[PDB]
Protein chains: 2
Amino acid sequence: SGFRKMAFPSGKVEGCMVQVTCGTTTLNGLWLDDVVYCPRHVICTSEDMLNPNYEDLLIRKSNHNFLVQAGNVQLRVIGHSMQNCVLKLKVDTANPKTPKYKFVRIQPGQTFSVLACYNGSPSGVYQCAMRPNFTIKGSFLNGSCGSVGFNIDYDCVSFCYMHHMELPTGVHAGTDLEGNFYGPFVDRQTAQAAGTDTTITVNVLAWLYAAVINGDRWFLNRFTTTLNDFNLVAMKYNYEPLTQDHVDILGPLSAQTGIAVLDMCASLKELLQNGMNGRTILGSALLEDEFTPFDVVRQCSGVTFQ
Amino acid sequence: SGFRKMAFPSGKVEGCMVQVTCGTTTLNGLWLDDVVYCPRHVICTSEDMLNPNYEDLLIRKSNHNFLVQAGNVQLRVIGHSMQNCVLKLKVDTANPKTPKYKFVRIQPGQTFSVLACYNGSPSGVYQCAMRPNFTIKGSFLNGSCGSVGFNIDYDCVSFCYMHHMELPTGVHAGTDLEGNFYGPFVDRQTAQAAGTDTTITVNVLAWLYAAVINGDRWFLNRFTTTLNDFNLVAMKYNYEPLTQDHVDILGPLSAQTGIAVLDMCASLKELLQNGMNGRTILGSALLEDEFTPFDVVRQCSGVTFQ
Ligand SMILES: *[C@H](N)[C@H](C[C@@H]1CCNC1=O)NC(=O)[C@@H]1CC2(CCCCC2)CN1C(=O)[C@@H](NC(=O)C(F)(F)F)C(C)(C)C
Ligand SMILES: *[C@H](N)[C@H](C[C@@H]1CCNC1=O)NC(=O)[C@@H]1CC2(CCCCC2)CN1C(=O)[C@@H](NC(=O)C(F)(F)F)C(C)(C)C
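Residues numbered from 1 in each chain as written, not as in the entry; some residues may be left out. Chains lettered and ligands numbered in written order. Heavy atoms only, no water.

Per the deposited record, determination of this structure is attributed to X-ray crystallography, with the resolution reported as 1.85 Å.

Trainee: Got a minute to help me understand the interface of chain B and chain A in this structure?
Mentor: For interface size, the figure often reported is the accessible area lost on association. Between chain B and chain A, the residue contacts involve 46 residues of the former and 46 residues of the latter. For chain B, the biggest contributors to the area lost against chain A are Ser1, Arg4 and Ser123 of chain B; these three give 21% of the whole. At the junction of chain B and chain A, the tally comes to two salt bridges. Residues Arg4 of chain A and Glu290 of chain B are paired through a salt bridge, measuring 2.8 Å at the closest nitrogen-oxygen approach. At the surface where chain B touches chain A, the tally comes to 25 residue pairs in polar contact. Where the side of chain B that touches chain A is concerned, the elements lending two or more residues are α1 (11–14), β9 (111–118), β10 (121–129) and α8 (293–301) of chain B. (Contact = heavy atoms within 4.5 Å. Buried area = accessible area lost by both parts, 1.4 Å probe. Salt bridge = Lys/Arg side-chain N within 4 Å of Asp/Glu carboxyl O. Polar contact = N/O pair within 3.5 Å; in protein donor to acceptor, adjacent residues only side chain to side chain. Helix = DSSP H or I, 4+ residues; strand = E, 2+ residues; numbered from the N terminus.)

Trainee: For this particular structure, what's the right way to read the packing of helix α3 (residues 201–213) of chain B against helix α7 (residues 261–274) of chain B?
Mentor: A packed helix pair is summarised by two numbers, namely the angle formed by the two axes and the spacing between the axes. All names here are of chain B. Between α3 and α7, whose axes approach to 10 Å, the crossing angle comes to 100 degrees. Overall, the two elements α3 and α7 adopt an arrangement that is roughly perpendicular. Contacts between α3 and α7 involve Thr201, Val204, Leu205, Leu208, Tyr209 and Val212 from the former and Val261, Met264, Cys265, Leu268 and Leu271 from the latter. Of the residues assigned to the contact of α3 with α7, the class counts are 10 nonpolar, one polar and no charged. (Axes fitted to C-alpha atoms, helices over the stretch in contact; angles between N-to-C directions. Parallel < 35°, antiparallel > 145°, perpendicular 65-115°, else oblique. Nonpolar A, V, L, I, M, F, W, Y, C, P; charged D, E, K, R; others polar.)

Trainee: Explanation requested: the sheet that holds strand β5 (residues 73–75) of chain A in the structure shown.
Mentor: Paired through backbone hydrogen bonds, the strands of a sheet run either parallel or antiparallel to each other. Residue and element names in this part refer to chain A. The strand order β5-β4-β1-β2-β3-β7-β6 describes an open sheet built from seven strands, whose pairing is antiparallel. One side of each edge strand has no neighbouring strand; the edge strands of this open sheet are β5 and β6 (77–83). Going across the sheet, the axis of each strand differs from the next one's by a mean of 30 degrees, ignoring polarity. (Pairing = 2+ DSSP bridges.)

Trainee: How should I be thinking about the site of ligand 1 in this particular structure?
Mentor: Residues and elements named next belong to chain A. As a matter of local geometry, ligand 1 sits amid 22 residues, with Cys145, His163, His164, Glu166 and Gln192 nearest to it. Between a nitrogen atom of ligand 1 and a main-chain N or O atom of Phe140, the distance comes to 3.4 Å. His164 places a main-chain nitrogen or oxygen 2.9 Å from a nitrogen atom of ligand 1. Contact with the protein chains covers 80% of the free accessible surface of ligand 1, which is 720 Å². Top element by residues in the shell around ligand 1 is strand β12 (residues 156–166). It accounts for four residues. (Near = heavy atom within 4 Å. Areas by Shrake-Rupley, 256 points an atom, 1.4 Å probe, with all protein chains shown as cover.)

Trainee: Just to check I follow, could you spell out the environment of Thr169 of chain A for this structure?
Mentor: Tracing the sequence through the fold places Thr169 of chain A in the loop between β12 and β13 (172–175). Separated by 32 residues in sequence, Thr169 of chain A and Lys137 of chain A have C-alpha atoms that sit 9.8 Å apart.

Trainee: Honestly, the relation of the copies chain B and chain A in this entry has me stumped. Any pointers?
Mentor: The second copy of the chain is related to the first by a rotation about an axis and a shift along the axis. Aligned on chain A, chain B shows an RMSD of 0.0 Å; the corresponding rotation is 180 degrees and the shift along the axis is 0.0 Å. Between the two chains, the operation in question is that of a two-fold axis. Within chain B, the C-alpha atom positioned nearest to the axis of rotation is that of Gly11 of chain B, 1.8 Å from it. Both copies contact each other with a shared surface, as 100% of the interface residues of chain B are interface residues in chain A too. (Least-squares fit on C-alpha atoms.)

Trainee: In this structure, what is going on with the domain arrangement of chain A? I would like to understand it.
Mentor: All names here are of chain A. When the domains of chain A are assigned, the result is domain 1 (1–14 + 100–197), domain 2 (15–99) and domain 3 (198–301). Between the C-alpha centres of domain 1 and domain 2 the distance comes to 19 Å. The interface of domain 1 with domain 2 comprises 35 residues on the first partner and 27 residues on the second. Buried area between domain 1 and domain 2, summed over both chains or domains, comes out near 2400 Å², and the portion from carbon and sulfur atoms is 56%. Contact with domain 2 buries area across many residues of domain 1, yet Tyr101, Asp187 and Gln189 alone supply 22% of it, more than any other trio. Applying the counting rule to domain 1 against domain 2 returns one salt bridge. Counting residues per element, the ones that place at least two in the side of domain 1 that touches domain 2 are α1 (11–14), β8 (100–103), β9 (111–118) and β12. For the side of domain 1 that touches domain 2, the element with the highest residue contribution is β12, accounting for five residues. Across the side of domain 1 that touches domain 2, the residue classes tally to 13 nonpolar, 15 polar and seven charged. (Domains from an automatic or database assignment.)

See the structure below:
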């Protein structure tokens, strides 16, 4: 028992991280087979970070303008192209550490692990969710761009995120591995801002089930609610709506604990109207919304990866 | 910016994990050079989990009673010995993936990353602290014993924890890698219990400095306090005492933010007496005590490992 913010083991991804230098900018790249992926703003100059023309900027580069370091071994670039907001650097060596992988794009509400890197060297791993407003509440400093987010399914790494920028509230924006931004953000230094977020309702319910599995029951009650009546309360507390599909996804957790989903909704309803009154759930004094129903089952049931 | 519960990259440790079977018990072992380390209760039988005699139990075993699987490759045991509460299984192959390493024992208040494993296969990574009562608030299920806790310093893994058991409040107890338990716990199924914990004061202060670095300032105040007067307030809230050495360790964070340590103590004092009044710090509604001053500097300054 116990419940922790759990990331995937990072070893398969660590063996893909490299350092990409263009001019005086150094950031991280992801080396899979004979291609290195990195944020295209690596080619941006200090003179015009405000409104670059990346097509123009890239046509002025040669292969030799990209220094790629895999550890203490330099990789020769033999081709380059732009795909949306990422650069694809063709190199003359396939990464022998290439895992089985996919490029997948995730939905707001889903979670992933981030391997933060500087100078091609992994610094730390942590778990994030895609917020409803398409930001992620990350932990990133200068030089972290090109760090990736990922999920693991048995032996296969599903890459879902590459880091590109930090917004003025301290949250982060980036792309999928095809270079397409999550949300309405661009890789220029404009006045963009996150815009209003909501709480991921289905995930809070998942985490309440985790608490019950782990012996926190104090927030349970004998009441129930209709889905419609629950959602009227959710709207007022800036929670997002719960759907019948969310109820279906919570089925296994409902069956394990014996607590009907709509009964748990009635408990969440009372938590929202009354607060927690000096008590905690799973060591938190807030309702936690960055665990999916999958995350809870995995952690409380013990799935591994190989 | 941003602040996350950050674990170390786990790849160096993933390459050391193996599966150890004796009888009908399977758990995890740590393979370094030609030795596999695992919890000695792997040899315990179901008949007498209550009060085993491990010397007696081990003298009745042969090398061939230990099945060790490194992935899908079986390792031949060529010797075995007991060191305190761990078993040292000598095998006929050195782990070619052995990192530079040390066996270190940590202090309550210090943090480490845990690579949870089942059947020799890594499941997830998360960050823990050694509690003042020598438990850790982990996340562990059946078969997780032999998972290790560790810190990384450049290229060198400092192993500090091996998992052995779960106590009745859902917290966890284990040994250092020499087999010596943290705290007053034994590897028998008796009625042992955690005993009362305290909050790690210096770590809360570190995390308040992290918040200021990240732009949360609302809890600051114009007041100050003496160390003695602060500790009178700490005792009453079950915080542990703050020492001049703790004040010295917080020096760098004090200098970066311009907030004197004792000034931050006055802010913590008011937080303890008034609560947080519906506000949050670094996304938490509780005072967080599982980040050390080192953790904060590392995350807010960007140290890597290679
Ligand atoms: C990548 N190494 C870096 C990550 C970033 C530094 C601080 N914390 C982080 O997560 N990305 C950047 O510095 C990008 C690159 C930039 C925009 C594209 C053109 C070249 C310069 C500036 N930048 C930023 O993240 C900006 N943020 C913005 O422009 C935004 F607010 F999003 F519009 C700054 C202000 C430097 C954080
Ligand atoms: C290791 N695979 C396992 C980890 C544990 C299972 C559930 N969550 C966990 O962290 N360890 C055990 O099962 C140990 C082994 C045990 C004690 C030594 C002799 C052989 C049997 C039983 N055990 C336990 O953790 C106990 N706990 C206790 O005995 C304690 F409370 F600590 F005294 C049980 C009750 C099974 C959790």
